[PDB]
$ cat target-v5.csv   # CSV, C-alpha atoms
chain,number,residue,atom,x,y,z
A,2,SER,CA,59.8,-139.1,-23.5
A,3,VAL,CA,60.0,-142.2,-21.2
A,4,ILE,CA,58.7,-139.9,-18.5
A,5,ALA,CA,55.8,-137.7,-19.6
A,6,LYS,CA,54.8,-134.3,-18.1
A,7,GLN,CA,51.7,-136.0,-16.7
A,8,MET,CA,51.9,-139.5,-15.3
A,9,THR,CA,49.8,-141.9,-13.2
A,10,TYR,CA,50.8,-144.7,-10.9
A,11,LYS,CA,49.7,-147.9,-9.2
A,12,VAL,CA,50.9,-148.9,-5.7
A,13,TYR,CA,50.6,-152.3,-4.1
A,14,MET,CA,51.6,-152.3,-0.4
A,15,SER,CA,51.6,-155.3,2.0
A,16,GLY,CA,53.0,-155.7,5.4
A,17,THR,CA,52.7,-156.4,9.1
A,18,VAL,CA,52.7,-153.7,11.9
A,19,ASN,CA,52.9,-155.1,15.4
A,20,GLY,CA,51.9,-158.5,14.0
A,21,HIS,CA,48.8,-157.1,12.2
A,22,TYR,CA,48.9,-158.0,8.5
A,23,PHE,CA,47.4,-155.7,5.9
A,24,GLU,CA,47.3,-154.7,2.2
A,25,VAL,CA,46.8,-151.3,0.6
A,26,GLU,CA,46.3,-150.5,-3.1
A,27,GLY,CA,46.5,-147.0,-4.6
A,28,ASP,CA,46.0,-145.0,-7.7
A,29,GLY,CA,48.2,-141.9,-8.0
A,30,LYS,CA,48.8,-139.1,-10.5
A,31,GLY,CA,51.0,-136.0,-10.9
A,32,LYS,CA,53.5,-134.0,-12.8
A,33,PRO,CA,57.0,-135.5,-12.5
A,34,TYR,CA,58.9,-132.4,-13.7
A,35,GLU,CA,57.0,-130.2,-11.2
A,36,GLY,CA,57.4,-132.4,-8.1
A,37,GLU,CA,53.6,-132.6,-7.6
A,38,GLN,CA,51.6,-135.7,-7.0
A,39,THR,CA,48.5,-137.2,-5.3
A,40,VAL,CA,47.3,-140.7,-4.5
A,41,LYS,CA,44.1,-142.3,-3.5
A,42,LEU,CA,44.5,-145.4,-1.3
A,43,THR,CA,42.2,-148.3,-0.5
A,44,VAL,CA,42.8,-150.8,2.4
A,45,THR,CA,42.2,-154.1,0.8
A,46,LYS,CA,43.1,-156.5,3.6
A,47,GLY,CA,43.4,-156.1,7.4
A,48,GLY,CA,41.3,-152.9,7.6
A,49,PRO,CA,40.3,-150.9,9.5
A,50,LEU,CA,44.0,-150.6,10.5
A,51,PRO,CA,44.7,-150.6,14.2
A,52,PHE,CA,47.7,-148.2,13.8
A,53,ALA,CA,48.4,-144.6,12.6
A,54,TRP,CA,48.1,-144.2,8.8
A,55,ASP,CA,51.0,-141.7,9.1
A,56,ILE,CA,53.6,-144.5,9.3
A,57,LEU,CA,52.5,-145.8,5.8
A,58,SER,CA,52.4,-142.5,4.1
A,59,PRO,CA,56.1,-142.0,3.1
A,60,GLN,CA,56.1,-145.5,1.5
A,61,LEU,CA,53.2,-144.7,-0.8
A,65,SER,CA,57.0,-142.1,-5.4
A,66,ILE,CA,60.3,-140.3,-6.0
A,67,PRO,CA,60.0,-139.9,-9.8
A,68,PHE,CA,57.7,-137.0,-8.9
A,69,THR,CA,60.6,-134.9,-7.6
A,70,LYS,CA,61.5,-131.6,-9.4
A,71,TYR,CA,65.2,-131.7,-10.2
A,72,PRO,CA,67.0,-128.6,-11.6
A,73,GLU,CA,68.8,-129.2,-15.0
A,74,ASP,CA,72.2,-129.2,-13.3
A,75,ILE,CA,71.6,-132.0,-10.8
A,76,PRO,CA,71.4,-135.4,-12.4
A,77,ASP,CA,68.0,-137.1,-11.7
A,78,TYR,CA,68.9,-140.6,-10.5
A,79,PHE,CA,65.3,-141.6,-10.4
A,80,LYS,CA,63.9,-140.4,-13.7
A,81,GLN,CA,67.1,-141.7,-15.5
A,82,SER,CA,66.5,-145.2,-14.1
A,83,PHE,CA,63.5,-145.7,-16.4
A,84,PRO,CA,62.3,-147.8,-18.2
A,85,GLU,CA,64.1,-150.4,-16.2
A,86,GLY,CA,63.4,-148.6,-12.8
A,87,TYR,CA,64.8,-148.9,-9.4
A,88,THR,CA,64.4,-150.5,-6.0
A,89,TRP,CA,64.9,-149.1,-2.5
A,90,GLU,CA,65.2,-150.1,1.2
A,91,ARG,CA,64.4,-147.9,4.1
A,92,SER,CA,64.4,-148.1,7.9
A,93,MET,CA,62.3,-145.8,10.0
A,94,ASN,CA,63.9,-145.7,13.5
A,95,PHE,CA,61.5,-144.0,16.0
A,96,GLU,CA,62.5,-142.2,19.2
A,97,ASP,CA,60.7,-144.8,21.3
A,98,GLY,CA,62.5,-147.9,19.8
A,99,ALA,CA,59.9,-148.8,17.2
A,100,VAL,CA,61.4,-149.7,13.9
A,101,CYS,CA,59.9,-150.1,10.4
A,102,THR,CA,61.7,-151.7,7.5
A,103,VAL,CA,60.5,-151.0,4.0
A,104,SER,CA,61.4,-152.3,0.6
A,105,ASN,CA,60.2,-151.3,-2.9
A,106,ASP,CA,60.3,-152.2,-6.5
A,107,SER,CA,59.5,-149.4,-9.0
A,108,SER,CA,58.7,-150.2,-12.6
A,109,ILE,CA,56.8,-148.6,-15.5
A,110,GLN,CA,53.9,-149.5,-17.8
A,111,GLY,CA,53.6,-146.8,-20.5
A,112,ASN,CA,52.6,-143.5,-18.7
A,113,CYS,CA,52.0,-145.3,-15.4
A,114,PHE,CA,54.5,-146.3,-12.7
A,115,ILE,CA,54.0,-149.5,-10.7
A,116,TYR,CA,55.3,-149.6,-7.1
A,117,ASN,CA,55.4,-152.8,-5.1
A,118,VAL,CA,56.1,-151.9,-1.4
A,119,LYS,CA,56.6,-154.2,1.6
A,120,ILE,CA,56.6,-153.0,5.2
A,121,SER,CA,57.4,-154.6,8.5
A,122,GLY,CA,56.9,-152.5,11.7
A,123,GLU,CA,57.7,-153.7,15.1
A,124,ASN,CA,57.6,-152.6,18.7
A,125,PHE,CA,55.3,-149.7,18.6
A,126,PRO,CA,54.4,-149.2,22.2
A,127,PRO,CA,50.7,-150.2,22.8
A,128,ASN,CA,50.1,-147.0,24.5
A,129,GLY,CA,52.2,-144.8,22.2
A,130,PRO,CA,50.9,-142.3,19.6
A,131,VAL,CA,51.2,-144.8,16.7
A,132,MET,CA,49.0,-147.6,18.3
A,133,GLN,CA,46.7,-145.0,19.9
A,134,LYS,CA,46.3,-143.1,16.6
A,135,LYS,CA,47.4,-139.8,18.0
A,136,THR,CA,49.9,-138.7,15.3
A,137,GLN,CA,48.9,-135.6,13.2
A,138,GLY,CA,51.0,-135.8,10.0
A,139,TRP,CA,54.7,-135.3,9.2
A,140,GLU,CA,56.5,-132.0,9.4
A,141,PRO,CA,58.0,-130.7,6.1
A,142,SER,CA,61.4,-132.3,5.8
A,143,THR,CA,64.7,-132.2,3.9
A,144,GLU,CA,66.2,-135.5,2.9
A,145,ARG,CA,70.0,-135.3,2.3
A,146,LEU,CA,71.4,-137.6,-0.4
A,147,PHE,CA,74.8,-138.7,-1.8
A,148,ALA,CA,76.2,-141.2,-4.3
A,149,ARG,CA,77.9,-144.4,-3.1
A,150,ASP,CA,78.8,-147.2,-5.5
A,151,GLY,CA,76.1,-146.4,-8.1
A,152,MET,CA,73.5,-146.0,-5.4
A,153,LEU,CA,71.9,-143.0,-3.8
A,154,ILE,CA,72.0,-142.9,0.1
A,155,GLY,CA,69.4,-140.7,1.8
A,156,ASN,CA,69.0,-139.6,5.5
A,157,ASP,CA,66.1,-137.6,6.9
A,158,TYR,CA,65.3,-136.5,10.4
A,159,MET,CA,61.6,-136.7,10.3
A,160,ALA,CA,59.0,-135.6,12.8
A,161,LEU,CA,55.4,-136.6,13.4
A,162,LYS,CA,53.0,-134.0,15.0
A,163,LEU,CA,51.2,-135.1,18.1
A,164,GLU,CA,47.8,-134.5,19.5
A,165,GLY,CA,48.6,-131.9,22.2
A,166,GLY,CA,51.3,-130.1,20.2
A,167,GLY,CA,54.4,-132.2,20.8
A,168,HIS,CA,56.5,-134.1,18.2
A,169,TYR,CA,57.6,-137.7,17.8
A,170,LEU,CA,60.9,-138.1,16.1
A,171,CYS,CA,62.1,-140.7,13.6
A,172,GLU,CA,65.4,-141.3,11.8
A,173,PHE,CA,64.9,-142.3,8.1
A,174,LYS,CA,67.8,-144.1,6.4
A,175,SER,CA,67.2,-145.0,2.7
A,176,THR,CA,69.2,-146.7,0.0
A,177,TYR,CA,68.0,-146.2,-3.7
A,178,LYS,CA,69.3,-148.6,-6.4
A,179,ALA,CA,68.7,-148.1,-10.1
A,180,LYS,CA,68.4,-151.3,-12.1
A,181,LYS,CA,70.9,-149.9,-14.7
A,182,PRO,CA,73.9,-147.6,-14.3
A,183,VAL,CA,72.9,-143.9,-14.5
A,184,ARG,CA,74.6,-140.5,-14.3
A,185,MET,CA,75.3,-139.9,-10.7
A,186,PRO,CA,74.5,-136.6,-8.9
A,187,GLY,CA,76.7,-134.9,-6.3
A,188,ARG,CA,75.5,-134.2,-2.8
A,189,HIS,CA,72.0,-132.7,-2.8
A,190,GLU,CA,68.9,-132.3,-0.7
A,191,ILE,CA,65.2,-132.9,-1.4
A,192,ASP,CA,62.7,-130.6,0.4
A,193,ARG,CA,59.3,-132.3,0.9
A,194,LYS,CA,55.8,-131.7,2.2
A,195,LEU,CA,53.6,-134.8,2.6
A,196,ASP,CA,49.9,-134.5,3.8
A,197,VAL,CA,46.9,-136.7,4.2
A,198,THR,CA,44.4,-134.5,2.5
A,199,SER,CA,41.2,-136.5,3.3
A,200,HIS,CA,40.1,-139.9,4.5
A,201,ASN,CA,36.9,-141.8,5.4
A,202,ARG,CA,36.4,-142.0,9.1
A,203,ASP,CA,37.9,-145.4,9.5
A,204,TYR,CA,40.9,-144.8,7.1
A,205,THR,CA,39.9,-147.5,4.8
A,206,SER,CA,40.0,-144.8,2.1
A,207,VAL,CA,42.7,-142.2,2.3
A,208,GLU,CA,44.1,-139.4,0.0
A,209,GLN,CA,47.6,-137.9,0.2
A,210,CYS,CA,49.6,-135.3,-1.7
A,211,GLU,CA,53.3,-134.6,-1.9
A,212,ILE,CA,55.5,-131.8,-3.2
A,213,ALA,CA,59.2,-132.7,-3.6
A,214,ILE,CA,61.9,-130.4,-4.9
A,215,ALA,CA,65.7,-131.0,-5.2
A,216,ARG,CA,68.4,-128.4,-4.7
A,217,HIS,CA,72.2,-128.3,-4.1
A,218,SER,CA,73.6,-128.9,-0.6
A,219,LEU,CA,75.2,-126.0,1.2

$ encode --input "target-v5.csv" --output "structure tokens"
Amino acid sequence: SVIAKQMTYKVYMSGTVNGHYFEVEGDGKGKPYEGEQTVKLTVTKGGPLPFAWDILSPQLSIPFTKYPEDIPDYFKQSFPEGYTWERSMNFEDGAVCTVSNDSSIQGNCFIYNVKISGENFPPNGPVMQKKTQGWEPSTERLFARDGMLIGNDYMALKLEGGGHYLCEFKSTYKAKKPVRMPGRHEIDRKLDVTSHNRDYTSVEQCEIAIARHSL
């Protein structure tokens, strides 16, 4: 098996949010065929971050998605060569993040190299004021276009006080070799920061991701 029942990963993140440069490194692990994973992150430059951790969390592992047998797994198939992706996060207050990734493999361990640029978070908004309280469970909707997978997800951050802060995700996933393409399908996810030190220079997250047919 190119992809084992138990795998680890390494993530290298770098970027700028509202002009603040940072880097994050992480060690992850999980069960690719069960859609379960966890990761432990360390802020290696620019910490403590002056912005909400929640905006980094969806950039920090799609091979850990449970696909049923009858839906081709674009992500697992891409290995050993791997894939890249591009994503924009378009917040309801005009803030935008642009994200890019390379995903490769080293034995039983994935390597992710992720780059983020976030701009125009309002100084007094929930991201710069660290008032977000994690993402709601979501359903990303995916389809094939020219050997790529196109994803869209209407995401929502919880707010201190009980409101929500909306964000349109648009993602394009690109295998490095041609793979068997799936039809239209959806991935249900839950993503949670499970713990952190008090200044978020160490942070742990978990994700459950499961694919199913579209209606």

$ residues_near_point --input "target-v5.csv" --point "(45.8, -137.0, 0.6)" --cutoff "7 Å" --atoms "only C-alpha atoms" --output "list in words"
residues 39, 40, 41, 196, 197, 198, 199, 207, 208, 209 and 210 of chain A

$ atom_distance --input "target-v5.csv" --atom1 "CA of residue 57 (chain A)" --atom2 "CA of residue 188 (chain A)"
27.2 Å

$ residues_near_point --input "target-v5.csv" --point "(71.1, -131.7, -4.1)" --cutoff "10 Å" --atoms "all atoms listed in the file" --output "PDB file with C-alpha atoms, in the coordinates of the input"
ATOM      1  CA  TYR A  71      65.200-131.700 -10.200  1.00  0.00           C
ATOM      2  CA  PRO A  72      67.000-128.600 -11.600  1.00  0.00           C
ATOM      3  CA  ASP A  74      72.200-129.200 -13.300  1.00  0.00           C
ATOM      4  CA  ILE A  75      71.600-132.000 -10.800  1.00  0.00           C
ATOM      5  CA  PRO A  76      71.400-135.400 -12.400  1.00  0.00           C
ATOM      6  CA  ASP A  77      68.000-137.100 -11.700  1.00  0.00           C
ATOM      7  CA  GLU A 144      66.200-135.500   2.900  1.00  0.00           C
ATOM      8  CA  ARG A 145      70.000-135.300   2.300  1.00  0.00           C
ATOM      9  CA  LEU A 146      71.400-137.600  -0.400  1.00  0.00           C
ATOM     10  CA  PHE A 147      74.800-138.700  -1.800  1.00  0.00           C
ATOM     11  CA  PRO A 186      74.500-136.600  -8.900  1.00  0.00           C
ATOM     12  CA  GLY A 187      76.700-134.900  -6.300  1.00  0.00           C
ATOM     13  CA  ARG A 188      75.500-134.200  -2.800  1.00  0.00           C
ATOM     14  CA  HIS A 189      72.000-132.700  -2.800  1.00  0.00           C
ATOM     15  CA  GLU A 190      68.900-132.300  -0.700  1.00  0.00           C
ATOM     16  CA  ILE A 191      65.200-132.900  -1.400  1.00  0.00           C
ATOM     17  CA  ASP A 192      62.700-130.600   0.400  1.00  0.00           C
ATOM     18  CA  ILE A 214      61.900-130.400  -4.900  1.00  0.00           C
ATOM     19  CA  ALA A 215      65.700-131.000  -5.200  1.00  0.00           C
ATOM     20  CA  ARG A 216      68.400-128.400  -4.700  1.00  0.00           C
ATOM     21  CA  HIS A 217      72.200-128.300  -4.100  1.00  0.00           C
ATOM     22  CA  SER A 218      73.600-128.900  -0.600  1.00  0.00           C
ATOM     23  CA  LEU A 219      75.200-126.000   1.200  1.00  0.00           C
TER      24      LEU A 219
END

$ closest_residue --input "target-v5.csv" --among "A:213, A:99, A:131, A:115" --to "residue 54 (chain A)" --atoms "all atoms listed in the file"
A:131

$ closest_residue --input "target-v5.csv" --among "A:18, A:120, A:53, A:8" --to "residue 37 (chain A)" --atoms "only C-alpha atoms"
A:8

$ closest_residue --input "target-v5.csv" --among "A:130, A:184, A:38, A:85" --to "residue 110 (chain A)" --atoms "all atoms listed in the file"
A:85

$ atom_distance --input "target-v5.csv" --atom1 "CA of residue 68 (chain A)" --atom2 "CA of residue 169 (chain A)"
26.7 Å

$ closest_residue --input "target-v5.csv" --among "A:55, A:97, A:140, A:150" --to "residue 125 (chain A)" --atoms "all atoms listed in the file"
A:97

$ residues_around --input "target-v5.csv" --residues "residue 96 (chain A)" --least-positions-apart "5" --cutoff "10 Å" --atoms "all atoms listed in the file" --output "list in words"
residues 160, 169, 170, 171 and 172 of chain A

$ residues_around --input "target-v5.csv" --residues "residue 7 (chain A)" --least-positions-apart "2" --cutoff "10 Å" --atoms "only C-alpha atoms" --output "list in words"
residues 4, 5, 9, 30, 31, 32, 33, 34, 35, 37, 38, 68, 112 and 113 of chain A

$ closest_residue --input "target-v5.csv" --among "A:70, A:84, A:52, A:91" --to "residue 128 (chain A)" --atoms "only C-alpha atoms"
A:52
